[PDB]
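Protein chains in written order, with the authors' numbering: chain AA, 1113 to 1283; chain AP, 95 to 142, 345 to 399; chain AQ, 56 to 139, 209 to 249; chain AB, 21 to 242, 252 to 668, 678 to 712, 727 to 784; chain AI, 1 to 116.
For every residue, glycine included, the Cβ atom is placed at its ideal position computed from N, Cα and C.
Only one structure is covered here, and it is reproduced in the block below.
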Amino acid sequence: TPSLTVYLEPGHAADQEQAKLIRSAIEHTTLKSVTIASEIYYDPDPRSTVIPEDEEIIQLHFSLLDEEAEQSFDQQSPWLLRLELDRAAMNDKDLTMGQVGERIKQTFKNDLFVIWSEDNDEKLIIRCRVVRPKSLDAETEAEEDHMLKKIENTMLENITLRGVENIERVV
Amino acid sequence: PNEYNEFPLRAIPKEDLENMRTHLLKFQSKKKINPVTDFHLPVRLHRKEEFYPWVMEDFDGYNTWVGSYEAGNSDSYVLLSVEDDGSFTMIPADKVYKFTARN
Amino acid sequence: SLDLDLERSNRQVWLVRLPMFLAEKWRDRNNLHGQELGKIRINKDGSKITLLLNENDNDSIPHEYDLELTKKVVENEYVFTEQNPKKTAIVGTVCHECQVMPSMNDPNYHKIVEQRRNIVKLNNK
Amino acid sequence: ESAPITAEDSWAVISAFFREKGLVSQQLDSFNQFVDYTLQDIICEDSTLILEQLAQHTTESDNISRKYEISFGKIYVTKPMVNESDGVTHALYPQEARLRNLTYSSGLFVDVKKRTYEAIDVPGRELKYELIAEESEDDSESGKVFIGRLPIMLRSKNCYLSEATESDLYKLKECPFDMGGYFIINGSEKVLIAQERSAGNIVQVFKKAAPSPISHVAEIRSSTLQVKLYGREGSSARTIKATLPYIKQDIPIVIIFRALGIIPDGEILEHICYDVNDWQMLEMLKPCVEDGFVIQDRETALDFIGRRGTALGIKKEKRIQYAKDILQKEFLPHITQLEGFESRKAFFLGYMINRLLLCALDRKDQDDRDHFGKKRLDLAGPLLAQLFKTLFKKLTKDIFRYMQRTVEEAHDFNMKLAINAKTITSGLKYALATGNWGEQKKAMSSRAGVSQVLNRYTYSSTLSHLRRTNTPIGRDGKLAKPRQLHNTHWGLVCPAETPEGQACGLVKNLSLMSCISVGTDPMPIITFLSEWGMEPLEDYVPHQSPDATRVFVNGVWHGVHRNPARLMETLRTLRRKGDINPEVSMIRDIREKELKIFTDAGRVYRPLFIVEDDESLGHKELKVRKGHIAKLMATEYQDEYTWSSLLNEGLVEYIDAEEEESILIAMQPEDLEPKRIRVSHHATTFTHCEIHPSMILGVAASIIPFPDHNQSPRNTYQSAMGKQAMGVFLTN
Amino acid sequence: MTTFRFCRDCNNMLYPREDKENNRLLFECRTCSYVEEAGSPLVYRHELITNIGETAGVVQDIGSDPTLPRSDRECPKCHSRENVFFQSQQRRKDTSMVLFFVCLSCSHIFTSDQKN
């Protein structure tokens, strides 16, 4: 049972708030921990859906996407990482939806683009749609599920939103 | 409520069973298969003593069934053959075979 | 020896399960000559079925047993016969499934269960 | 006369119990079972020995092929006796064995028959042998071939001491206060201490810590089968793989079902999952279906099997046949061995993987490895059967080798010369004397301490020594859980009395009323069970009846059932009315809809009372009355009406450590009606009662006065020191 | 909640496939020629944490278990005062100590936690 005890600065020692900010800044946070439903769903035509809840989010970004995104509409995978994200876990680590959800994730490899809502919606729904070139081979393009399940697992497991490695808990 | 019907219990003698060896023919399917429509007569049944499994193939070869012997059926079943007089005659059961359709 | 005889296969056939001792006692060859050895009785509601053995048989066997229904509808079971490549002939389609148990009213039940005790005690392992 | 029962009646019943059974009954009963029944079967297993000598084709007269058949018959056992150096024979009695350093033993006689078959070896044709000569001396006393000498335990059925009265014991100069239960080897007294073992034919689900990819394991010992689930919880990748004997790489489960005979994919999940609605079960089985769907061929899997054998380069068809035979020969032998039982094996594999996956879905917990209901005790009987089987196998192998040797020289063999009768005698004597439970050549790696020299320092020390059990785990092994006292030891093990040092907790002593089961045949139980309305496992369809109780007999699934309550009531009626002997255990688990029946040997059971609801009194009460106690007093003073009289009337019942999981017991009888602090327990549906709490103690601690006013380690210390007092160890 | 669908021909589970010229989803059996039209764009589902209310498990014939306790609470439906009560039979580590009551006569399930 290894352990580590951290003493805060003289100014922040007597107040709980800076202590909780530091605690959030130390603990290891990964995507698999913050999704109440990171559900692998079929996303054949991301233009429209049957579920009314995500329909509201649809028109938000469809009127909020750049010209390059309009061109890349066809790159979005025929499957979706549909993220019903838990409000409590997201707010626990002081994790803003947009900046943390997309900046680092798209910066890492330019692999996964997202349609994401502002935190005010009652159901925090993100649509994670991976981005691939259209130059993909016909045999490759046929095996959509085969690439995307693997990349989805490598996505949940190997993306670090915030924190330092190997530290399971901070108290 | 005591009304009952009468079915006499008869049997089949040894002279008929000597040249009539019975075998329980069981087909594996999820659908009611009847040989009147699903089998085009005549049918070819052969073995290609229990080492060779049974093969029942239709005249056109569309309906081919392969049958294997399932052992350890501790229930010694009986066959109740209905005669012209409405009586039931007993036939002892010798072997049971289970059939499955070829892919 | 190839064609199947379906001219008289339309009639439904009962599927009854007999106890081991009773079934073995009914495999006797001497009683196979079309002899009338027993009778069945069906209740008006059909819930209770009673098998009564004819008095022509020896008094060493119980003359009363009861029947219980397993499935009210029985499908995808057929009865066939095979005679002298061998010539096969379907007998019919199965209708109901029933199972035989000994009757309490006939005291001979105890006797055979007594023999069952005789079976239990002798064999050891 | 319909009155309730007071503790005085409890002591009356206990007095009857000890007046009927005795304190050393377990050894005597195991020895009687071994001598009467198992000894015959050990030889009847390998009765026939065959030699097939083909024609050497040297000359025309050498074109005849020969067959030699050897068969065995009955076993006869004489009373112990000794032949001196002069050749005179006289019956041996324990005094002479003790004083003269002899060995208390008897002789064994077996019938032997021989047959010779001769056939004309015509090339290209099958050999047709015909009976020509048959030597069988059953009509003469010369047919009994002497085979060896077997030691005899004192006071057993064969021994002269069995029927001796007090004056008989005095004139032969016995101590009347001696109980038997020990051998005399080389003129010294030896005893066999019970050996503890983990039960077989029981599926057990374990768990692993996760530095490794393993997540869960399901074990069964019949030959061992391991069906492991790999993949962490919550991940996409689920793998289920089985490890068959003599197959190294291993292959998935859907491949097993395809090779086994269930081709359609939809039937696989009907085999595995018994509830249609549950979706997590099928979600975890999806990757197995996905991977196993690629190959609809048995023969690729059989080719997998064939390569990993020691022989290499075998033709494909022979590999197919070999892998086919492996399944019916070595895959789950405890269910069946002969051909054509595939449905049972498929359903049992489905049940095993179902239980593993259930534990994987947190609906249940790991199996407890300490539960005393999953442990058997081996007495003298089973150990002797083991050693006798080994030695008989070696002896018959030697006979075959010598007979082949003498056939090579074309010399007739004398059956009284081919047998080396000294093998059995020397092996048994060496094993009993040294204690190393194995062959003389391989005694180093065998079990030790199985046979110990009886301790006669004080009478209570002899009593404590003849009632001892050893748990064969390394006494320096640092596993704390086997050492500690466990909740299942109530009434079957003495909590106070245990050694100190390296054998703390590992050596156990029984209480005053914890007997052990002998063994009985399961076939009549199965026959009756199928008679009274049990549907066989062949005709079982999950969807037609998804609320069906499963039925087990000694750990092999035989089918299902629909109305189990009346079956349990009838079974217990028959067990209480003597139709079945009360050493058989019959548990029902309502929550999982299961029935379990045990008839094996090695189970510890204790007596208990019976509570039944009396409507005339308007509440529950025991079946025992003051009339039965008065009859017991009359019979005891007359020293009829004995303990078996109580047993066969359904007044007491033998309960092991497994049925106890499904009962309720009122400890004092007065607790069943509607200083210290005794609390009124809220229960009102009582089923049994404690005959007396004092019996939860052994023989050593039954001499401390007021033991409950003492700290427990003090009771342990005195239970240790009670074996070093000086006193009259025997009156002779 | 994705449900397995079996082919009507050989009972094998149906694999998804796409129709580009009509842009519609179908389920096909890889062994035969059967093809069926998908009714929803929901084919697979992968939840992570289970927000399942604790369940009493098997209830059938639970009143004949004599090692199960009793209580005198009154039935909310049949107004009977005899019933069996037990804790949640799902063995999660973090399960609360919330009781479950099964009525003796009407076999009605309820809990001691009457949260509105």
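Legend entry - Interface residues of chain AB facing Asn-1265(AA) [CB-CB closer than 9 Å]: The residue given as residue 1265(AA) occupies position 153 in the first sequence. Here the neighbours are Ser-264, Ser-265 and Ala-266.
Inset, instruction - Report yes if the CB atom of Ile-1148(AA) is closer than 9 Å to the CB atom of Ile-52(AI), and no otherwise. - result: As a working mapping, residue 1148(AA) is identified with position 36 in the first sequence. As a working mapping, residue 52(AI) is identified with position 52 in the fifth sequence. No, they are not a contact pair.
Legend entry - chain AP contact residues for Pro-565(AB), given Cβ-Cβ distances below 9 Å: Taking the fourth sequence and counting its residues from 1, the one referred to as residue 565(AB) is at position 536. Going along chain AP in sequence order, the residues near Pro-565(AB) (Cβ under 9 Å) are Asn-369, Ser-370 and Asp-371.
Inset, instruction - With 7 Å as the limit, tell me which residues of the stretch 1252 to 1278 of chain AA have their beta carbon closer than that to any beta carbon of chain AB; keep them in chain order. - result: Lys-1261 and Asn-1265
Inset, instruction - Return the chain-ordered ranges of every alpha helix (DSSP H) run that is complete within the stretch 75 to 120 of chain AB and spans a minimum of 4 residues. - result: 114 to 120
Legend entry - Short Cβ contact (9 Å threshold) for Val-582(AB) with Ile-626(AB): In the fourth sequence, residue 582(AB) corresponds to position 553, counting from 1. In the fourth sequence, residue 626(AB) corresponds to position 597, counting from 1. Closer than 9 Å, so yes.
Legend entry - Interface residues of chain AP facing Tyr-120(AQ) [CB-CB closer than 7 Å]: Here the question's residue 120(AQ) lines up with position 65 in the third sequence. Those within 7 Å of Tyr-120(AQ) in chain AP number zero; the least Cβ separation is about 13 Å.
Inset, instruction - Tell me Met-386(AP)'s beta-bridge partners as DSSP assigns them. - result: For the purposes of this step, residue 386(AP) is taken as the residue at position 90 of the second sequence. Looking at the DSSP assignment, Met-386(AP) forms a beta bridge with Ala-105(AP) and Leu-376(AP).
Legend entry - Residues within the stretch 1149 to 1166 of chain AA neighbouring chain AI, beta-carbon criterion of under 8 Å: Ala-1149, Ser-1150, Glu-1151, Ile-1152, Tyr-1153, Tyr-1154, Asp-1155, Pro-1156, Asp-1157, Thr-1161 and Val-1162
Inset, instruction - Tell me whether the beta-carbon of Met-114(AP) lies closer than 9 Å to the beta-carbon of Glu-137(AQ). - result: Here residue 114(AP) corresponds to residue number 20 of the second sequence, with the count starting at 1. Here residue 137(AQ) corresponds to residue number 82 of the third sequence, with the count starting at 1. In contact: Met-114(AP) and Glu-137(AQ) (Cβ atoms closer than 9 Å).
Legend entry - Residue span of the beta strand (DSSP E) that contains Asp-642(AB), given as start and end: Here the question's residue 642(AB) lines up with position 613 in the fourth sequence. Residues 640 to 643.
Inset, instruction - State the Cα-Cα distance for the pair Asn-1265(AA) and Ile-364(AB), rounded to the nearest angstrom. - result: What you label residue 1265(AA) is simply residue 153 of the first sequence in a count that begins at 1. What you label residue 364(AB) is simply residue 335 of the fourth sequence in a count that begins at 1. Those two C-alpha atoms are separated by around 42 Å.
Inset, instruction - State the beta-bridge partners of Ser-480(AB) as determined by DSSP. - result: Locating residue 480(AB) in the fourth sequence gives position 451, counting from the first residue. The partner list for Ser-480(AB) (beta bridge, DSSP) reads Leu-212(AB).
Inset, instruction - Return no unless some Cβ of chain AI is closer than 9 Å to the Cβ of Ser-732(AB). - result: Numbered from its first residue, the fourth sequence carries residue 732(AB) at position 680. Not closer than 9 Å to any Cβ of chain AI, the Cβ of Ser-732(AB) fails to qualify, so no.
Legend entry - Partner residues on chain AB for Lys-210(AQ), Cβ-Cβ distance less than 8 Å: In the third sequence, the residue the question calls residue 210(AQ) occupies position 86. None at all; the shortest Cβ gap to chain AB is about 21 Å.
Inset, instruction - Return no unless some Cβ of chain AB is closer than 9 Å to the Cβ of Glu-366(AP). - result: Counted from its first residue, the second sequence places residue 366(AP) at position 70. It does; some Cβ of chain AB falls within 9 Å.
Inset, instruction - Answer yes or no: do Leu-566(AB) and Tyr-202(AB) have a C-beta to C-beta separation smaller than 9 Å? - result: Within the fourth sequence, numbered from 1, the residue matching residue 566(AB) stands at position 537. Within the fourth sequence, numbered from 1, the residue matching residue 202(AB) stands at position 182. Taking 9 Å as the Cβ cut-off, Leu-566(AB) and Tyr-202(AB) do not qualify as a contacting pair.
Inset, instruction - Compute the beta-carbon to beta-carbon distance between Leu-624(AB) and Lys-652(AB), rounded to the nearest angstrom, for a pair I have assumed lies under 8 Å. - result: What you label residue 624(AB) is simply residue 595 of the fourth sequence in a count that begins at 1. What you label residue 652(AB) is simply residue 623 of the fourth sequence in a count that begins at 1. Rounded, the Cβ-Cβ distance is 25 Å, inconsistent with contact.
Legend entry - C-alpha gap between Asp-1157(AA) and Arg-1241(AA), whole angstroms: Against the first sequence, residue 1157(AA) aligns to sequence position 45. Against the first sequence, residue 1241(AA) aligns to sequence position 129. If you take the alpha carbons of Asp-1157(AA) and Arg-1241(AA), they lie about 11 Å apart.
Legend entry - Element boundaries [beta strand (DSSP E), containing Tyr-692(AB)]: The residue you call residue 692(AB) lines up with position 654 of the fourth sequence. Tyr-692(AB) -> beta strand (DSSP E) spans 690 to 694.
Inset, instruction - Measuring only between beta-carbons, confirm whether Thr-736(AB) sits less than 9 Å from chain AI. - result: Translated into the one-based positions of the fourth sequence, residue 736(AB) becomes position 684. Yes - at least one Cβ of chain AI is within 9 Å of the one on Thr-736(AB).
Inset, instruction - Taking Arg-604(AB) as the reference, give the member of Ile-693(AB), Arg-579(AB) and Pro-281(AB) with the closest Cα. - result: Stepping through the fourth sequence from its first residue, residue 604(AB) is reached at position 575. Residue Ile-693(AB) is the option with its Cα nearest to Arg-604(AB).
Legend entry - Contact residues within the stretch 1114 to 1147 of chain AA, judged by C-beta distance below 8 Å to chain AI: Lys-1144 and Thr-1147
Inset, instruction - Measure the beta-carbon distance from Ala-389(AP) to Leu-87(AQ) and round it to whole angstroms, keeping in mind my assumption that it falls under 8 Å. - result: For the purposes of this step, residue 389(AP) is identified with residue 93 of the second sequence, where counting begins at 1. For the purposes of this step, residue 87(AQ) is identified with residue 32 of the third sequence, where counting begins at 1. Contact flag wrong, Cβ pair sits at about 14 Å.
Legend entry - Burial state of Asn-538(AB) (16 or more Cβ within 10 Å): Counting from 1 along the fourth sequence, the entry for residue 538(AB) is found at position 509. It counts as buried.
Legend entry - Cβ-Cβ distance between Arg-1199(AA) and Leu-1236(AA) below 9 Å: Here the question's residue 1199(AA) lines up with position 87 in the first sequence. Here the question's residue 1236(AA) lines up with position 124 in the first sequence. Yes, the pair counts as a contact, with Cβ atoms nearer than the cut-off.
Inset, instruction - Flag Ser-105(AI) as yes if its beta-carbon sits less than 9 Å from any beta-carbon of chain AB, otherwise no. - result: Locating residue 105(AI) in the fifth sequence gives position 105, where the first residue counts as 1. So, not an interface residue.
Inset, instruction - Measuring only between beta-carbons, confirm whether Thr-360(AP) sits less than 9 Å from chain AB. - result: Looking up residue 360(AP) in the second sequence gives position 64. Chain AB contact via Cβ: absent.
Legend entry - Contact between the stretch 527 to 537 of chain AB and the stretch 495 to 510 of chain AB (3+ Cβ pairs under 8 Å): yes
Legend entry - CA-to-CA distance, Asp-371(AP) to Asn-139(AQ), given in whole angstroms: Taking the third sequence and counting its residues from 1, one reaches residue 139(AQ) at position 84. Taking the second sequence and counting its residues from 1, one reaches residue 371(AP) at position 75. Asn-139(AQ) and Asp-371(AP): Cα-Cα distance of roughly 26 Å.
Inset, instruction - Answer with yes or no whether the minimum CB distance from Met-1(AI) to chain AB is below 9 Å. - result: For the purposes of this step, residue 1(AI) is identified with residue 1 of the fifth sequence, where counting begins at 1. True, the Cβ-Cβ gap to chain AB drops below 9 Å.
Inset, instruction - Using three-state DSSP, classify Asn-83(AI) as helix, strand or coil. - result: Here the question's residue 83(AI) lines up with position 83 in the fifth sequence. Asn-83(AI) falls in the strand class under three-state DSSP.
Inset, instruction - Could you tell me which residues DSSP pairs with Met-225(AQ) in its beta bridges? - result: Here residue 225(AQ) corresponds to residue number 101 of the third sequence, with the count starting at 1. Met-225(AQ) pairs with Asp-121(AQ).
Legend entry - 6 Å Cβ shell around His-108(AI) - same chain, five flanking residues per side excluded: The count along the fifth sequence starts at 1 and reaches residue 108(AI) at position 108. Closer than 6 Å at the Cβ level, and outside the excluded window around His-108(AI), lie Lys-77.
Inset, instruction - Check the DSSP bridge columns for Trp-361(AP) and list the partner residues they point to. - result: Numbered from 1 along the second sequence, position 65 holds the residue referred to as residue 361(AP). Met-352(AP) and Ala-397(AP), per the DSSP bridge assignment.
Legend entry - Euclidean distance between Cα positions of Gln-395(AB) and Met-473(AB): The residue you call residue 395(AB) lines up with position 366 of the fourth sequence. The residue you call residue 473(AB) lines up with position 444 of the fourth sequence. Going from the Cα of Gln-395(AB) to the Cα of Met-473(AB) covers about 36 Å.
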